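Notes for the structure review
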Amino acid sequence: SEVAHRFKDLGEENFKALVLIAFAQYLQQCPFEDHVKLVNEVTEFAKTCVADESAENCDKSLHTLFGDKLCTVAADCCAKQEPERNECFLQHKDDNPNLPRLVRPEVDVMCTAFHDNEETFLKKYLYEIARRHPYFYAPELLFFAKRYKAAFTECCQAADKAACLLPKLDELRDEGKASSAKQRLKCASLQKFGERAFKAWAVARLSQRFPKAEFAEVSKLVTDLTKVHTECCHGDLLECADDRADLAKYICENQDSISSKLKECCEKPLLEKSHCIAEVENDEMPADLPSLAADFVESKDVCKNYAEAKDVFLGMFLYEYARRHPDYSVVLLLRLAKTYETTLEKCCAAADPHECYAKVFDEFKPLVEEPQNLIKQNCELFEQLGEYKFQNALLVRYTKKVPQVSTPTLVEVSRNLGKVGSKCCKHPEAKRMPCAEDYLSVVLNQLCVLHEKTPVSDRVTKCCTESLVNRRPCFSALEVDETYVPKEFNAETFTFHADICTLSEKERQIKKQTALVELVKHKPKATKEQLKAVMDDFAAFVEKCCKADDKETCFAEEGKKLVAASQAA
């Protein structure tokens, strides 16, 4: 029995949470009560299996069971069987579910609901997250759950809870979203590019982190880590959580052989141990490391070793170049690795290989400089305009690049792209690249998955599927879509009402930002000069109407003077 197996390993508390998340991610539209019902029904069945490991259908696989329990409340997916059925659900996960924005009741209400029924209060948090983020890293979701519990348990018995809770919750909302984003990239990598692309990313990344660890060790870690994510991304949550635990035990046992900063980590609860390890800082670089040129360019055995085991050899190249370059981003190392392999494949087929592949490092120079100059420039620019105007500049830049993309998506992606400046520019040159480029990877992956749902721009598709590691350079290289045909104005689209006054300070910018996007789609060829001169106007239209006697009509009157002057520029 598989269910009995995983139940014992995870316990009832985790087993129940993990199954709840699985159901929330598969059927994101179904209400909370229903999932809760199926979880219990499933959980009890599991208890009978622990005893009689041959009772009802304790012999069946998790998917069969989970599948049959969801099919009692869903249709074409359920008409299929075993493999096809499961794949069906996976293909129907929705990265942008049409769910109602989540609003939080007054502190007083939450603390009452928390104190009264704690298990329920926590199970609904899990449910509301898992249904909105169908790819959230299950094991980590359990970690956020506990921290959420600690938030309430502590703040609800204080002087001013509003002051104690609200903050801790915002920090959690953001970090939860970041977390969801990073995991969305790993699944896309696996699902759209293959495990080989995933493995290479891990080798380079872990080699940067555990520079003292041996290649064979990293390889071992990478292999386990791959299976872990392969499972979480495919919906095998229980085994994912299980396997993740094992990997944490291993890493801790073999500390000495991996990294010296794993101490603090291995001295704490499971959930906190895993989370700790996954976010540990890079270890100190081994003192005397030979030159790479020795074994990879000067040696006359290159092509022979390459021929013998192309995978192991290139894998070793990555590990070696990565370990001594924690100042490079993972994508830059992968571009280098790809440039090195391309040189061997051609050179090793020449008369005198050595001569041909002797200047491969000269090929690396341009690739390393591109990222640096880009970052340098844009951080300087960021420092000058600040985060709000920088987001605006990005909205104009990206709407011009790919005008077809839906206004909600452009607004969302550009805002996030703007956050890269705040999160990264503050670091010194040494840590900027990893920061900047790996964050751009996550955000542009967001644009790619939201766009894959309803493809409208061939330019987006090409930049998203041609190469995982070159997405950033591809998007960067786009200027303006010259074939794009301007859109015709729509009254409703540019009609500002008084309801924009009740909206938070941020909810306003977002509106003014959404207007900017529509404007650029209308006048692609317009200039950053005109645009700014027009935006300022919109600002004026809000301040007056929002504060001018009983006027829900100023929205139409003053909005008229708005569109009028708007149609002019």
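Residues numbered from 1 in each chain as written, not as in the entry; some residues may be left out. Heavy atoms only, no water. Residues with missing side-chain atoms left out of burial classes, pairs and counts.

1. Quick word on the overall build of the chain
Looking only at helices and strands, the chain has 29 helices and zero strands in total. The globule rule puts the C-alpha radius of gyration for 569 residues at 25 Å, and the 27 Å found for the chain is close to it. By its C-alpha atoms, the chain is 80 × 70 × 55 Å across when sized along the principal axes. (Helix = DSSP H or I, 4+ residues; strand = E, 2+ residues; numbered from the N terminus. Rg over C-alpha atoms; globule rule 2.2 N^0.38 Å.)

2. Section: the state of the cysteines
One disulfide bridge connects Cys155 with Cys164, the sulfur atoms lying 2.0 Å from each other. Judged by the sign of its S-S torsion, about -80 degrees, the bond between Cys155 and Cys164 is left-handed. Between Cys187 and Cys233 runs a disulfide, and the two sulfur atoms are separated by 2.0 Å. Its S-S torsion of approximately -85 degrees makes the covalent link between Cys187 and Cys233 left-handed. In this pair, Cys187 is assigned in helix α9 (residues 161-193) and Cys233 in helix α11 (residues 215-234), connecting sequence segments 46 residues apart. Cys30 forms no disulfide, and the closest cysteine sulfur to it belongs to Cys78, at a distance of 10 Å. (Disulfide = S-S within 2.5 Å.)

3. Quick word on the domain arrangement of the chain
Parsing the chain into structural domains produces domain 1 (1-94), domain 2 (95-184), domain 3 (192-283), domain 4 (284-369), domain 5 (370-481) and domain 6 (482-559). Of note, the centres of domain 1 and domain 5, computed from C-alpha atoms alone, are 39 Å apart. (Domains from an automatic or database assignment.)

4. Focus: the packing of aromatic side chains
Ring geometry for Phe23 against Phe66: centres 5.7 Å apart, planes inclined by 70 degrees, an arrangement best described as edge-to-face. Here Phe23, found in helix α1 (residues 2-26), pairs with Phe66, found in helix α3 (residues 62-70); they are 43 residues apart in sequence, far enough to count as distant. Ring centres of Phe136 and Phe144 lie 5.6 Å apart, and the angle between their planes is 80 degrees; on these two criteria the pair is classed as edge-to-face. The structure contains a cluster of three or more aromatic residues connected by ring pairs, namely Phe296, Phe313, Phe317, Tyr321, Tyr328, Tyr340, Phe361 and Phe364. Positioned over the ring face of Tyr135 is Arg184, at 3.7 Å from the centre of the ring. Across from the ring centre of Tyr398, 4.2 Å away, lies the NZ or CZ of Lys401, which sits over that ring. (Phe/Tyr/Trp six-rings, centres within 6.5 Å; stacked < 30°, edge-to-face > 60°. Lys NZ or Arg CZ within 6 Å of the ring centre and 35° of its normal.)

5. Concerning the UniProt feature "disulfide bond" in the chain
Checking the UniProt disulfide annotation for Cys252 and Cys266 gives a sulfur-sulfur distance of 2.0 Å, short enough (under 2.5 Å) to count the bond as formed. Here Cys252, found in helix α12 (residues 237-253), pairs with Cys266, found in helix α14 (residues 263-266); they are 14 residues apart in sequence, far enough to count as distant. UniProt's annotated cystine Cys424-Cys435 is reproduced in these coordinates, with an S-S distance of 2.0 Å, under 2.5 Å. Remark: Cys435 occurs in helix α23 (residues 429-452) and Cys424 occurs in helix α22 (residues 407-424); sequence separation between them is eleven residues. (UniProt positions renumbered as here; feature names shortened; annotations may be inferred.)

6. Side note on the side chain of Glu320
You can see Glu320 is positioned in helix α18 (residues 310-323). A polar side-chain atom of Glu320 sits 3.0 Å from a polar atom in the side chain of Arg323. With sequence-adjacent residues up to four places away left out, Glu320 is seen in contact with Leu292 and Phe296. (Polar contact = N/O pair within 3.5 Å; in protein donor to acceptor, adjacent residues only side chain to side chain. Contact = heavy atoms within 4.5 Å.)

7. Thoughts on the pattern of salt bridges
The partner of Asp311 in a salt bridge is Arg196, and the shortest N-O contact between them spans 4.0 Å. Here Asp311, found in helix α18, pairs with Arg196, found in helix α10 (residues 195-209); they are 115 residues apart in sequence, far enough to count as distant. When the shortest N-O distance is used, the salt bridge between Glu479 and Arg397 registers 3.1 Å. Here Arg397 lies in helix α21 (residues 360-401) and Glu479 lies in the loop between α25 (471-477) and α26 (499-502), a separation of 82 residues in the sequence. Connected through salt bridges with shared partners, the residues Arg335, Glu370, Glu437 and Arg472 form a single ionic network. (Salt bridge = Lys/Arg side-chain N within 4 Å of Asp/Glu carboxyl O.)

8. Quick look at the environment of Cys379
Take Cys379: it is sitting in helix α21. Distance in space between the C-alpha atoms of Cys379 and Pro167 is 28 Å, their sequence separation being 212 residues. Setting aside residues no more than four positions away along its own chain, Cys379 makes contact with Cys425 and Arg432.

9. Focus on the environment of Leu440
One can find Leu440 in helix α23. A sequence separation of 276 residues divides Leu440 from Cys164, and the C-alpha atoms of the two residues are 33 Å apart. Other than its neighbours up to four places away in sequence, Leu440 contacts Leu417, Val420 and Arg472.

10. Let's talk about the packing of α1 against helix α8 (residues 138-155)
Put simply, α1 and α8 touch, their axes get as near as 10 Å, and they point 115 degrees apart. Like other packed secondary-structure pairs, α1 and α8 cross with a definite hand, here right-handed. Contact residues: α1 offers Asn14, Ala17, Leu18 and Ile21, while α8 offers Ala138, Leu141 and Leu142. When its residues are assigned to classes, the contact of α1 with α8 shows six nonpolar, one polar and no charged. (Axes fitted to C-alpha atoms, helices over the stretch in contact; angles between N-to-C directions. Left-handed = near helix turned anticlockwise from the far one by under 90°. Nonpolar A, V, L, I, M, F, W, Y, C, P; charged D, E, K, R; others polar.)

11. Overview of the packing of α8 against helix α15 (residues 270-278)
Viewed as axis vectors pointing N to C, α8 and α15 meet at an angle of 115 degrees, and their least axial separation amounts to 10 Å. Here α8 runs over α15; the crossing is left-handed. Along its contact with α8, which presents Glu140, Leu142, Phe143 and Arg147, the element α15 presents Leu271, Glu272 and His275. Classifying every residue of the contact of α8 with α15 by side-chain character gives three nonpolar, one polar and three charged.

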